[PDB]
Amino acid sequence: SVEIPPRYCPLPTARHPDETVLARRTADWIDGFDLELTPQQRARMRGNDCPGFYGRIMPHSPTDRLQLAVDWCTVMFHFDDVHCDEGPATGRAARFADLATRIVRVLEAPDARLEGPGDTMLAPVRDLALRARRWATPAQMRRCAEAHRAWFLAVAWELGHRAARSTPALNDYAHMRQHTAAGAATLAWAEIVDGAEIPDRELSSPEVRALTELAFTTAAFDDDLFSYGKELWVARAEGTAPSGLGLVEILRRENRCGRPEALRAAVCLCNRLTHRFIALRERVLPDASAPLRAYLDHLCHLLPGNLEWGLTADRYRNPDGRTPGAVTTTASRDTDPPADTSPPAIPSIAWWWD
């Protein structure tokens, strides 16, 4: 049982009307390769509710194009559950770096034939890259590859902490978590689904970079909150301390406080990030191009949609897939903005408030 203190997110959420079609097709898609999925793994993929996640990001998008983003979520939720922090401990970091660079190369060069030493991941990734190239501009395809590099470099960072069972300092986690959560790689598909390139001049501008990092960090921190109970449910089944790779545990260790106080501090931070995102959005929207306005629309649906999906998906409530209701997370809504709109004392992210 986890009670999340009141979150400030005055943004509307909507679901895509074709979740069932998207679910049917993404299951049939992933079953078409050679991943040798067990019924347990197929059940857990259902619990991930990838159509509900990305459908909440792009609830007005055409179903056949949204399928591309949903299918990416399907295979990368699997990649995470099987190829991240798994396998023998000996040579684990080398194994990950090798697989990661093949995935990136296939996104750049779908016929690179980076072979199969018992490989399963690259065939679906190649299918995604080929499908994306039918719709994406070359710049959009570049953005996907680079966003995967940022995610994968962050995973190598995370795996170092997991192997040491160490807890990152808040200043380090605060800018890294957007990358370990694959925020940019997740959202890079959206402008391809939209079918229009966001101008580089806009995406690279400091105000849009701030908005991007604000949105992905908030969503990742919200994930730390709605996946916190699943973390405690894992630490209780393995009898170990909870992982330090989480905002709650980081604030607990950093403030020498108890779990309720840390949950409050984590939500307080999420609320200030959310308020800053909304405030900065208002200053950016007047001069935004139509593709940038669309991008900001997706980030605005991401924040409340991610929360709703995370609080209800069986991924965080029935973790192993055979324990209905093992974890229950509740959350409140704070209807008032944070009283403190100043930058937090976190130098690695303070420039979002510039």
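One rule holds for the numbers: they count along the sequence shown, beginning at 1.
Exercise. Hey, which bit's got the bigger mean C-alpha B factor in the entry, 268-276 or 90-98?
Worked result: It is 90-98.
For this session: State which stretch shows the higher mean Cα B factor in the entry: 293-301 or 38-46.
Result: It is 38-46 that shows the higher mean C-alpha B-factor.
Exercise. Between 110, 260, 138, 246, where does the Cα B-factor run highest in the record?
Worked result: That would be 260.
Problem set entry | Member of 130, 164, 182, 284 with the greatest C-alpha B factor (per the PDB record) | In this record, 164 carries the highest C-alpha B-factor of the candidates.
For this session: Comparing against every modelled residue in the chain, figure out the third that the C-alpha B-factor of residue 221 lands in (lowest, middle or highest).
Result: Lowest third of the chain for residue 221's C-alpha B-factor.
Exercise. Based on the entry's values, in what third of the chain does the Cα temperature factor of residue 56 lie: lowest, middle or highest?
Worked result: Answer is lowest: the recorded C-alpha B-factor places it there.
Problem set entry | residue 240, C-alpha B-factor rank within chain (lowest, middle or highest third) | Residue 240: CA B-factor falls in the highest third of its chain.
Exercise. Within this chain, which third does the Cα B-factor at residue 68 fall in: lowest, middle or highest?
Worked result: Within its chain, residue 68 is a lowest-third residue by C-alpha B-factor, going by the deposited values.
For this session: Determine, from the deposited record, the chain-internal third of the Cα B-factor for residue 158: lowest, middle or highest.
Result: Within its chain, residue 158 is a middle-third residue by C-alpha B-factor, going by the deposited values.
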